[PDB]
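Here it is: the structure, laid out below.
Letters A, B, C, D, E, F, G, H and I name the chains as they come in the text, with residue numbers starting at 1 for each one.
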Amino acid sequence: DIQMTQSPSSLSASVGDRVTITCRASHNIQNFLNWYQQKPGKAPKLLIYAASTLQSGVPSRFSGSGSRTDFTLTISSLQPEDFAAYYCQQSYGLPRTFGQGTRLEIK
Amino acid sequence: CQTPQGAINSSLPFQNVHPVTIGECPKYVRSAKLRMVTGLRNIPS
Amino acid sequence: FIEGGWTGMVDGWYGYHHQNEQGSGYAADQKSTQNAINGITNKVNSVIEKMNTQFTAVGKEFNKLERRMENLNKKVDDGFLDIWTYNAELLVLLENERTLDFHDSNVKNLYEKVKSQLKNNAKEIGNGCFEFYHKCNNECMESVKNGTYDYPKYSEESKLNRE
Amino acid sequence: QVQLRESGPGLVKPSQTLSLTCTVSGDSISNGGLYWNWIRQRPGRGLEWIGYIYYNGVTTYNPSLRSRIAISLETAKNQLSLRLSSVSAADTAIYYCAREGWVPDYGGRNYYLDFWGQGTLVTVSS
Amino acid sequence: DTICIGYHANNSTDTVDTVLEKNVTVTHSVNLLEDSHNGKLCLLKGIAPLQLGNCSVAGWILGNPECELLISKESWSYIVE
Amino acid sequence: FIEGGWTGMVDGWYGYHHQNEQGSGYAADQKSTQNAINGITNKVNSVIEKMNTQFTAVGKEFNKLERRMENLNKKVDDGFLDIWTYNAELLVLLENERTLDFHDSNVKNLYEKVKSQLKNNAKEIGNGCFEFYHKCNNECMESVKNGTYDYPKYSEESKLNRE
Amino acid sequence: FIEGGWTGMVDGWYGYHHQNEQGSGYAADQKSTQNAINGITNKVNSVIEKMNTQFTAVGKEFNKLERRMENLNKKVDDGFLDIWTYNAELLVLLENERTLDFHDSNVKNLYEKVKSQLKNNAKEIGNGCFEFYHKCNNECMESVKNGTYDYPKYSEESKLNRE
Amino acid sequence: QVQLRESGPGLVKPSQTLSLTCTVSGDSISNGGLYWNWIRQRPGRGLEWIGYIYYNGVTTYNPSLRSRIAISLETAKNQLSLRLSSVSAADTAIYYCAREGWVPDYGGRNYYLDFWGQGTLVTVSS
Amino acid sequence: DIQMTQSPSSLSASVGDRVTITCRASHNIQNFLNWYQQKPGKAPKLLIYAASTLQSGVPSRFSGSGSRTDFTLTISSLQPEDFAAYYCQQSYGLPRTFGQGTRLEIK
């Protein structure tokens, strides 16, 4: 199984600040990385589809990029509604895995 | 025709399943749809 | 052909509709339809024939110190895929435009063929149809469709009815 | 629009089989050619994939649970189902169904989960 | 008495794109692109693949003790790792 | 449209010019112009849309004993550049030819639309214009441009003026 | 132009044939022919001009343990050859279709030019030719070919002969 | 259709020169741009190539016999010819003429022998 | 000179069986390999043109494939009329060579 490791496990930042969440795959997964936003009590929402593209309906403040093993999720101009857990998912192999998740707190 | 994600039973010139193949396969193309018109504009009245 | 086609026509692509004392109806123009079919069929086959078969191709492994080779190999595969995707999509768009233009020309040509035969024996309506200035039965309707209409035969009846 | 809705008892006793159903609407599980997923989240933990089923009934499972998991599909009703034998405390989780979509990419179809349902909480207790 | 010239129409919802116009509904069309697949590994023209299971190629050829079930596999249509 | 366009026409691509007792002038045919604009705009966008974005790409260093790799790397880059240059230039030439043909067709079609409405109520001049056989005011000029001209209304005046 | 060309015409591509009391014969329409030649010549040259020159290129040797490089090198060469073969053949098919359509348009345009000048001074036959309603000598035949035909001059003779 | 026909004495004495002629019909050895081959088969053995001649009179030979073999061509009659000096017992064989055709391929024209004639048996004896 | 070695020198098989004849080149000859069928008393017939293609008029039961040095001729559903010697020919170099030939007997 391809492991996904996220860092930090928890991050806090004020409104309007910039948040960078990173994820490292144990194996080369090319462009097969999705990012999800989980609000408490809800199923996760898709933010980022290809390592670098957004799902329609996702605010432009969200972006990301990456190569073989090293990927990044970035939130520009952080807003209160961005309070969420964020997850790193690989879709390269069959035993699909998610990272442990990063909790983003605001202020 | 066998690709890593499954076998293909097709006579069409292109596929959008996978670039790696073994056998006699359609060419892999990065597209969702590729369709030709043979008939008329379908405008009745 | 003006303001849409005929859903009541089922035996071809191009054709005629008529009205007389013996009853109205639709019939396809087989010469026009079959020539159009053969043209389009050859075109679709040419698109398929010029794209070759994909033969077995698999990836390659590279070492930690062979990153430059790995990157060139990927560059080559992505480049060729981007080119063939471009060519496949462009060819389809170019031919779809021509197909539709081809078909519009073919129906317009039947209209002119009829117009030419009828001359002064019918009134041009302006909706892609003609009204006779003489009484016309099924035999003369078939003659016009055949391309064998006898203009002189009805020219006297027509001038009298025209006034 | 596409909607998924999970449903089930919400409570299973130890050693019983848990059985959940997901009804798919606004889509067709006999026409799309997509994979249908089941995933779960244990309270306080991140997400864990359970398995998926394709249109042809082809089924795959998370290998750590493959001996317990059964996944099936009924196209007539647009329903997916999940069954876990020998249920224990470790199986308390919110269970979700999801649709896996794709866009062709370099290297093949690039898959993602877009429609995730609502989530059904299942407690294992006596 | 009249003669009208026209053409065929039907209930098709197939659409195509052209250079000048998008989403044109047409009476007949051809799909040149295949998107279905049988999401299983099949035999090719009657011959099964060699599955390496949990083994890498190095495991398979060196004879890793756990690649035992492959020592008797002499032929294949393809190899799956 | 015969022997050049009108520099006095500024509100569109295709249109009409008229002369009567109430004063002459030019006006664009907006249905023709806007359909032509939309067609051409979609075409330009398709050319742009089918060419993808260039993403970061840099060169590679090679050693003294890696000349074969250096040469393959260069070969790949030159090959892809030569292909894309070819495709970009060819697409532009092919579409520029069609654009101009498209526009000539559109102006010719307005002429025929007018010709069809006027029938025997005007003399065809042969320079892409018509001369009325009846007196015509601004309201009938607008009617012809609209495609609502009433032929029967003036057929008596015309036959008398024709002789 | 209907039912085949004239093997008796040797001084151009498009032209006229005439019959009168002074003797029949054929002559090419040089303006039409030369414009057609220049158009086609430019097109052939564009096909040649957009394909570049092949410069020296030779193969490479690889070792026993360089099979991955050997295979990439071959892949690159086969890929580029398959692409250029596709482009060369497609361009020729696309242009051959347009050439023939171009030529059909040009002959049809001469017909319409003549039709426009003659108006009611000749009977349209329906085979791509006209029959005069007045006696016509070599000078008026040349005038029609020139595009300088004087319609009014013969309108009285014509109405009397038409009846 | 393309036909090749070999002809010659069928018997040559030792130390004489053997001379065979192949008449080509249904084709043109001045227009095709193809290579024209001579081959032979010793009884009980497989096939051995002798040599070939091109349209420009360019001639090549099997190097083991190059000092003995002469190949020529007369376009006026569509005829090919083969001569072997110093003939011996080892030269008993069925001699054949053949046309070499081609289809362009990756790596250049891919050549093959399609029209092979009938074959003339030549015995060397006294 | 590039040597062509065929194997076996002789093969027998019953009608309806499958016959595989192989040939190995001493040098890389790419796709330049032809296969011929020689009936006793006749000039050889071309079966296979490119290593993988057939000559028009050749029954569909014949096929073949190959790479640089290793090539195969295969006869599916062997029929009595397939009794013949088969030859492996390379057309890569100038001193054209044939393999020694394989005699295919039926039953």
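Here, a contact is a pair of C-beta atoms (placed from the backbone, for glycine too) under 8 Å apart; a residue touches a chain by one contact, two chains touch by 3 or more.
**Student:** Going only through chains that touch each other, what is the minimum step count from subunit D to subunit E?
**Tutor:** 1
**Student:** Quick one: most central chain, C-alpha centroids?
**Tutor:** Most central by this criterion: B.
**Student:** Tell me which of B-E and G-H has more C-beta pairs in contact.
**Tutor:** More C-beta contacts join the chains of B-E.
**Student:** Quick check for you: after a Cα superposition of subunit D on subunit H, what is the rotation angle, between 0 and 180°, in steps of 5?
**Tutor:** The best-fit rotation has an angle of 120 degrees.
**Student:** Taking the mean of the C-alpha atoms as each chain's centre, how many Å separate subunit C from subunit F?
**Tutor:** Measuring from centre to centre gives 23 Å for this pair.
**Student:** Cα centroid separation between subunit E and subunit F, in whole Å?
**Tutor:** So the centre of subunit E lies 43 Å away from the centre of subunit F.
**Student:** Suppose each chain is reduced to the average of its Cα coordinates; what separation in Å results between subunit A and subunit I?
**Tutor:** 60
**Student:** Going by the touch rule set out above, which residues of subunit C reach two or more other chains?
**Tutor:** Residues 4-7, 13, 44, 47-48, 51-52, 69, 72, 76-77, 81-84, 88-89, 92-94, 96, 100, 103 of subunit C each touch two or more of the other chains.
**Student:** Could you check subunit H for residues that touch two or more other chains and list them?
**Tutor:** 106
**Student:** So in the complex, the part of subunit E that touches subunit D is made up of which residues?
**Tutor:** 35-40
**Student:** Per the contact definition, I'd like the list of subunit B residues that touch subunit C in the complex.
**Tutor:** Against subunit C, the touching part of subunit B is residues 13-14, 19-31, 34-45.
**Student:** So in the complex, the part of subunit F that touches subunit C is made up of which residues?
**Tutor:** 46, 50-52, 60, 69, 72-73, 76, 80, 83-84, 87, 91, 94, 116
**Student:** Which residues, counting only subunit G, touch subunit C once they are in their complex?
**Tutor:** Spelled out, the residues of subunit G in touch with subunit C are 68-69, 71-72, 75-76, 79, 82-83, 86, 89-90, 93-94, 126.
**Student:** What part of subunit B is in contact with subunit D in the complex they form?
**Tutor:** Residues in contact with subunit D: 3-5, 16-20, 29-32.
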